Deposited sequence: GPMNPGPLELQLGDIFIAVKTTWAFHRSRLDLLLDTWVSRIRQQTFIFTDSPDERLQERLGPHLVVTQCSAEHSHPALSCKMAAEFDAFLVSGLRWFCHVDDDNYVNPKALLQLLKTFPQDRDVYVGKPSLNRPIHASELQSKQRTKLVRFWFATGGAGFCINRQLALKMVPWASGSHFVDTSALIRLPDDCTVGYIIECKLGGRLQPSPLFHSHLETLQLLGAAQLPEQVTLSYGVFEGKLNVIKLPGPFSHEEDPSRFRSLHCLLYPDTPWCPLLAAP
């Protein structure tokens, strides 16, 4: 009974990455789940506002103010599930939906890839359902009637985890399906790739960490491998090459 319509996907970006990162996501995974996808940025953009309308949220800025903006928008949506990703993440919404279907519908869930209290690495993507997110509000909002002294010098992903685990007695559910680029991604190939919820690209430990796909785009045309991934997942896409 859970549908794609029940999911609110929030992407964090910034103006300086509109051309270099965001356009890549719009041609790719965001094109398959645009109704559920919200891009949070810090400056307007003609191309994006064209392709996105109210799905481009430009913020004019406990949690950072783009992250607060994502949570507030999610809560206003009324949707059951919040999933946050960065602008170097690829999301497979069909894999996402199947993971989310796996949770009891009346329990608080926080799911993602653990990191060190436990927390879900922001760069791998993570999801929270509405009933948990509503319990987080007093801390997430920086309210004067909770202790947020521990929270002020934590990054957003650790803050989310701290609120959930240390303030609300909750637990991160780990999933191996979420991936950041703080991870040797080259250990995921065309066999594992369609089952993953998120993939990533980026430099880590002096290396450009990317998924292992031979094509169909060259590394020079598609250094992230996201276009190639996208073509693997949706071979009907007319701009896909052969190899």
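**Q** Which deposited-sequence positions, grouped into ranges, are missing C-alpha coordinates?
**A** In the chain as deposited, 1 to 8, 70 to 76, 132 to 150, 278 to 280 carry no coordinates.
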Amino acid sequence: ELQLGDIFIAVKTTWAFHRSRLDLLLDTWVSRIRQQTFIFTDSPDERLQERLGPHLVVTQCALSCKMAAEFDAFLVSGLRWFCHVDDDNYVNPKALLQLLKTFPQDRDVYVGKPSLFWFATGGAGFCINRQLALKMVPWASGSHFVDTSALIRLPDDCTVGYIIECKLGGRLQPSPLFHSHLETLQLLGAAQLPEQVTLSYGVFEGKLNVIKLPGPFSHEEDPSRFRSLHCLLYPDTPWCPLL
From here on, numbers count along this sequence of modelled residues.
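**Q** State which stretch shows the higher mean Cα B factor in the entry: 31 to 39 or 183 to 191.
**A** Looking at the recorded C-alpha B-factors, 183 to 191 comes out higher on average.
**Q** Of the two stretches 44 to 52 and 65 to 73, which shows the higher Cα B-factor on average in the entry?
**A** The recorded data point to 44 to 52.
**Q** Comparing recorded Cα B-factors across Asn92, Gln131, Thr102, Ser149, which one is largest?
**A** Checking the PDB record, the top C-alpha B-factor among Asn92, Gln131, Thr102, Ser149 is at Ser149.
**Q** Of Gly142, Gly78, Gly123, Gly161, which one's C-alpha B factor is largest in the deposited record?
**A** Result of the comparison over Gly142, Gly78, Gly123, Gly161: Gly142.
**Q** Sort the modelled residues of this chain by their C-alpha B factor and say whether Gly112 lands in the lowest, middle or highest third.
**A** As the PDB entry reports it, the C-alpha B-factor of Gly112 lands in the lowest third of its chain.
**Q** Looking at the entry's B-factor column for C-alpha atoms only, identify whether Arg153 ranks in the lowest, middle or highest third of its chain.
**A** Highest third.
**Q** When the modelled residues of the chain are sorted by Cα temperature factor, does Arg171 land in the lowest, middle or highest third?
**A** CA B-factor rank for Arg171: highest third.
**Q** Based on the deposited C-alpha B factors for this chain, I'd like to know if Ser200 is in the lowest, middle or highest third.
**A** Lowest third of the chain for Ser200's C-alpha B-factor.
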